[PDB]
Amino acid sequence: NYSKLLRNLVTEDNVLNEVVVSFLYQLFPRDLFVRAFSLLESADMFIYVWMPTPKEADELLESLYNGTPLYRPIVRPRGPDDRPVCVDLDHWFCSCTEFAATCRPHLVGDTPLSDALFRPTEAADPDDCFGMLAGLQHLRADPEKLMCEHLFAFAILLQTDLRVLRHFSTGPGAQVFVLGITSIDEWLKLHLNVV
């Protein structure tokens, strides 16, 4: 579903599919794709992977699709008056204000939050990883009801195909940065301004 659509962003020869891009503007609400695509080329997106033992660079990017790394998708501040945004795809969480503003109205007594923001999993195809939730087999995130550009941008990178992640994070046109972290102090430092 979502994954199969967005997977086509990058051709088999690692080229950006301009036809698909043009269609994605018309296929998503709230200008979500132009917003997400601006983030992808901003150079502010980072994926910090906890790497106590040095790993091959390819093993890092590949581990994001097939392994179980402890990683931290973060959007860097763009100005002095800014704090990092962190995403937790597996929990469909984002520390940005839009995420919290969307959920707030749905906080009522005696109502699952997921009932107001998530969708059932039955209809969805087996190979569509987009919005898949760790733990919850029967529910998936519903991008129509809740999705900011940060979640969209990172889901595009991490819930489509390794080819998509390699395209935005390697080569000359690299605007996304996957970096292994080998020290606890550097890992803690990443979070110091999130709150």
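Each residue number is its position in the shown sequence, starting from 1.
K.L.:
111-119 versus 87-95: which one carries the higher mean Cα B factor per the record?
P.N.:
Result of the comparison: 111-119.
K.L.:
With respect to the recorded C-alpha B factors, which stretch has the higher mean value, 22-30 or 144-152?
P.N.:
It is 22-30.
K.L.:
Consider only the C-alpha atoms of the modelled residues in this chain, order them by B-factor as the entry records it, and name the third containing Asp44: lowest, middle or highest.
P.N.:
According to the entry, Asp44 has a C-alpha B-factor in the chain's lowest third.
K.L.:
Where does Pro105 sit by CA temperature factor within its chain: lowest, middle or highest third?
P.N.:
Middle third of the chain for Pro105's C-alpha B-factor.
K.L.:
Consider only the C-alpha atoms of the modelled residues in this chain, order them by B-factor as the entry records it, and name the third containing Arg76: lowest, middle or highest.
P.N.:
Ranked within chain, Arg76 CA B lands in the middle tercile.
K.L.:
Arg163: which third of its chain by C-alpha temperature factor?
P.N.:
For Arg163, whose C-alpha B-factor we compare with every modelled residue in the chain, the answer is the middle third.
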